[PDB]
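Working notes for the structure below.
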Amino acid sequence: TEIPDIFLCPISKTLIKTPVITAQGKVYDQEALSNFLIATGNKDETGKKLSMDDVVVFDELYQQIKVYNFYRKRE
Ligand SMILES: [Cl-]
């Protein structure tokens with residue numbers, strides 16, 4: 001019933017809807033990080049600088065989440 005940790009967003013604390021990855025190699029939900037960077041003014045969870053224009057959509061993980069959604073919504 002639990003959600004796999006690799007699909008969890010550090011911010012929303014739940015399943016990622018569209019995974020983006022930072023140059024540092026960190027993975028967030030696209031919309032969860034967008035609003036969070038607005039609330040803190042381009043600062044991440046650890047207080048370090050981060051802009052939304054510096055992340056890309058992690059494609060392979062996005063594909064993996066879609067597959068997970070199939071097996072989850074099956075139950
Ligand atoms: Cl992966």
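Scheme for the structure tokens: letters A, B, ... for chains in order shown; per-chain residue numbers from 1; ligand numbers from 1 in order shown.
The environment of residue 22 (chain A) within 10 Å, counting only C-alpha atoms and disregarding residues fewer than 4 places along the same chain, consists of residues 26, 27, 28, 50, 51, 52, 53, 54, 55, 56, 57 and 58 of chain A.
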Would you mind exporting N, CA and C atoms of the selected residues as a PDB file, in the first residue's frame?
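What landed in again16.pdb:
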ATOM      1  N   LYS A  26      18.826  16.081  -7.724  1.00  0.00           N
ATOM      2  CA  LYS A  26      17.693  15.910  -6.820  1.00  0.00           C
ATOM      3  C   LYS A  26      16.372  15.911  -7.585  1.00  0.00           C
ATOM      4  N   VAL A  27      15.438  15.072  -7.148  1.00  0.00           N
ATOM      5  CA  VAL A  27      14.168  14.910  -7.848  1.00  0.00           C
ATOM      6  C   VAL A  27      12.988  15.480  -7.064  1.00  0.00           C
ATOM      7  N   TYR A  28      12.223  16.355  -7.711  1.00  0.00           N
ATOM      8  CA  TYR A  28      11.020  16.921  -7.111  1.00  0.00           C
ATOM      9  C   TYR A  28       9.813  16.754  -8.024  1.00  0.00           C
ATOM     10  N   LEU A  50      17.944  27.899  -5.701  1.00  0.00           N
ATOM     11  CA  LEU A  50      17.422  27.019  -6.743  1.00  0.00           C
ATOM     12  C   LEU A  50      16.358  27.715  -7.589  1.00  0.00           C
ATOM     13  N   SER A  51      16.535  27.673  -8.907  1.00  0.00           N
ATOM     14  CA  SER A  51      15.585  28.290  -9.827  1.00  0.00           C
ATOM     15  C   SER A  51      14.899  27.238 -10.693  1.00  0.00           C
ATOM     16  N   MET A  52      13.635  27.484 -11.023  1.00  0.00           N
ATOM     17  CA  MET A  52      12.841  26.545 -11.811  1.00  0.00           C
ATOM     18  C   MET A  52      13.332  26.464 -13.253  1.00  0.00           C
ATOM     19  N   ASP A  53      14.082  27.474 -13.676  1.00  0.00           N
ATOM     20  CA  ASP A  53      14.595  27.527 -15.038  1.00  0.00           C
ATOM     21  C   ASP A  53      15.890  26.731 -15.178  1.00  0.00           C
ATOM     22  N   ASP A  54      16.259  26.017 -14.119  1.00  0.00           N
ATOM     23  CA  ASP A  54      17.500  25.250 -14.110  1.00  0.00           C
ATOM     24  C   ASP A  54      17.248  23.757 -13.924  1.00  0.00           C
ATOM     25  N   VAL A  55      15.981  23.362 -13.965  1.00  0.00           N
ATOM     26  CA  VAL A  55      15.623  21.953 -13.851  1.00  0.00           C
ATOM     27  C   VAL A  55      14.990  21.445 -15.144  1.00  0.00           C
ATOM     28  N   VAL A  56      15.155  20.153 -15.405  1.00  0.00           N
ATOM     29  CA  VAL A  56      14.543  19.518 -16.564  1.00  0.00           C
ATOM     30  C   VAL A  56      13.629  18.389 -16.108  1.00  0.00           C
ATOM     31  N   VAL A  57      12.673  18.020 -16.953  1.00  0.00           N
ATOM     32  CA  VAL A  57      11.763  16.930 -16.628  1.00  0.00           C
ATOM     33  C   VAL A  57      12.474  15.587 -16.757  1.00  0.00           C
ATOM     34  N   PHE A  58      12.528  14.820 -15.693  1.00  0.00           N
ATOM     35  CA  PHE A  58      13.200  13.541 -15.703  1.00  0.00           C
ATOM     36  C   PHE A  58      12.293  12.627 -16.444  1.00  0.00           C
TER      37      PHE A  58
END
Step by step, measure atom-to-atom distances between ligand 1 and each residue using only C-alpha atoms and all ligand atoms, keep those at most 8 Å, then write them as a ChimeraX atom specification. /A:6,60-61,64
Could those selected residues go to a file with C-alpha atoms, as an mmCIF file, in the first residue's frame?
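The resulting file, out17.cif, is shown below:
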data_model
loop_
_atom_site.group_PDB
_atom_site.id
_atom_site.type_symbol
_atom_site.label_atom_id
_atom_site.label_comp_id
_atom_site.auth_asym_id
_atom_site.auth_seq_id
_atom_site.Cartn_x
_atom_site.Cartn_y
_atom_site.Cartn_z
ATOM 1 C CA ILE A 6 11.960 6.913 -5.357
ATOM 2 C CA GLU A 60 12.732 7.967 -17.563
ATOM 3 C CA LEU A 61 11.352 8.437 -14.052
ATOM 4 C CA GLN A 64 8.426 4.657 -14.379
#
Could you write out, as a VMD selection string, all the residues of chain A that DSSP marks as helix (DSSP H, G or I)? chain A and resid 5 to 7 30 to 40 52 to 54 59 to 72
Writing out the chosen residues with C-alpha atoms as a PDB file, in the first residue's frame:
ATOM      1  CA  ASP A   5      10.508   6.144  -1.917  1.00  0.00           C
ATOM      2  CA  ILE A   6      11.960   6.913  -5.357  1.00  0.00           C
ATOM      3  CA  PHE A   7       8.575   8.305  -6.400  1.00  0.00           C
ATOM      4  CA  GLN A  30       7.217  19.885 -10.896  1.00  0.00           C
ATOM      5  CA  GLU A  31       4.218  21.703  -9.417  1.00  0.00           C
ATOM      6  CA  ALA A  32       5.191  21.047  -5.798  1.00  0.00           C
ATOM      7  CA  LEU A  33       8.606  22.630  -6.331  1.00  0.00           C
ATOM      8  CA  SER A  34       7.187  25.514  -8.373  1.00  0.00           C
ATOM      9  CA  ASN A  35       4.944  26.804  -5.593  1.00  0.00           C
ATOM     10  CA  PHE A  36       7.529  26.046  -2.907  1.00  0.00           C
ATOM     11  CA  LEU A  37      10.171  28.107  -4.712  1.00  0.00           C
ATOM     12  CA  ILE A  38       7.648  30.948  -4.832  1.00  0.00           C
ATOM     13  CA  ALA A  39       6.941  30.762  -1.099  1.00  0.00           C
ATOM     14  CA  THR A  40      10.630  30.796  -0.157  1.00  0.00           C
ATOM     15  CA  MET A  52      12.841  26.545 -11.811  1.00  0.00           C
ATOM     16  CA  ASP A  53      14.595  27.527 -15.038  1.00  0.00           C
ATOM     17  CA  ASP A  54      17.500  25.250 -14.110  1.00  0.00           C
ATOM     18  CA  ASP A  59      11.794  11.517 -18.558  1.00  0.00           C
ATOM     19  CA  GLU A  60      12.732   7.967 -17.563  1.00  0.00           C
ATOM     20  CA  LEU A  61      11.352   8.437 -14.052  1.00  0.00           C
ATOM     21  CA  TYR A  62       8.178   9.936 -15.518  1.00  0.00           C
ATOM     22  CA  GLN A  63       7.802   6.730 -17.511  1.00  0.00           C
ATOM     23  CA  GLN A  64       8.426   4.657 -14.379  1.00  0.00           C
ATOM     24  CA  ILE A  65       5.739   6.531 -12.437  1.00  0.00           C
ATOM     25  CA  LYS A  66       3.187   5.976 -15.212  1.00  0.00           C
ATOM     26  CA  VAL A  67       3.900   2.251 -14.977  1.00  0.00           C
ATOM     27  CA  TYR A  68       3.519   2.445 -11.198  1.00  0.00           C
ATOM     28  CA  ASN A  69       0.191   4.248 -11.568  1.00  0.00           C
ATOM     29  CA  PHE A  70      -1.042   1.327 -13.665  1.00  0.00           C
ATOM     30  CA  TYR A  71      -0.266  -1.232 -10.965  1.00  0.00           C
ATOM     31  CA  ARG A  72      -1.578   1.027  -8.200  1.00  0.00           C
TER      32      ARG A  72
END
Given only C-alpha atoms as the basis, pick out the residue of A:29, A:44, A:49, A:74 nearest to residue 13 (chain A). A:29
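Backbone DSSP assigns strand (DSSP E) in chain A to residues 19, 20, 21, 27, 28, 29, 56 and 57 of chain A.
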Save the residues we just selected, N, CA and C atoms, as a PDB file, in the first residue's frame?
ATOM      1  N   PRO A  19       7.947  14.366 -12.587  1.00  0.00           N
ATOM      2  CA  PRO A  19       9.277  14.492 -11.980  1.00  0.00           C
ATOM      3  C   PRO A  19      10.225  15.413 -12.739  1.00  0.00           C
ATOM      4  N   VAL A  20      10.791  16.374 -12.020  1.00  0.00           N
ATOM      5  CA  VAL A  20      11.855  17.213 -12.548  1.00  0.00           C
ATOM      6  C   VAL A  20      13.127  16.945 -11.752  1.00  0.00           C
ATOM      7  N   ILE A  21      14.280  17.092 -12.395  1.00  0.00           N
ATOM      8  CA  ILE A  21      15.543  16.814 -11.722  1.00  0.00           C
ATOM      9  C   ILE A  21      16.494  18.009 -11.793  1.00  0.00           C
ATOM     10  N   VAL A  27      15.438  15.072  -7.148  1.00  0.00           N
ATOM     11  CA  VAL A  27      14.168  14.910  -7.848  1.00  0.00           C
ATOM     12  C   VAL A  27      12.988  15.480  -7.064  1.00  0.00           C
ATOM     13  N   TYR A  28      12.223  16.355  -7.711  1.00  0.00           N
ATOM     14  CA  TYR A  28      11.020  16.921  -7.111  1.00  0.00           C
ATOM     15  C   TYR A  28       9.813  16.754  -8.024  1.00  0.00           C
ATOM     16  N   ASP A  29       8.624  16.959  -7.466  1.00  0.00           N
ATOM     17  CA  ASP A  29       7.429  17.132  -8.279  1.00  0.00           C
ATOM     18  C   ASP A  29       7.491  18.520  -8.903  1.00  0.00           C
ATOM     19  N   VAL A  56      15.155  20.153 -15.405  1.00  0.00           N
ATOM     20  CA  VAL A  56      14.543  19.518 -16.564  1.00  0.00           C
ATOM     21  C   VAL A  56      13.629  18.389 -16.108  1.00  0.00           C
ATOM     22  N   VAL A  57      12.673  18.020 -16.953  1.00  0.00           N
ATOM     23  CA  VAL A  57      11.763  16.930 -16.628  1.00  0.00           C
ATOM     24  C   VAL A  57      12.474  15.587 -16.757  1.00  0.00           C
TER      25      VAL A  57
END
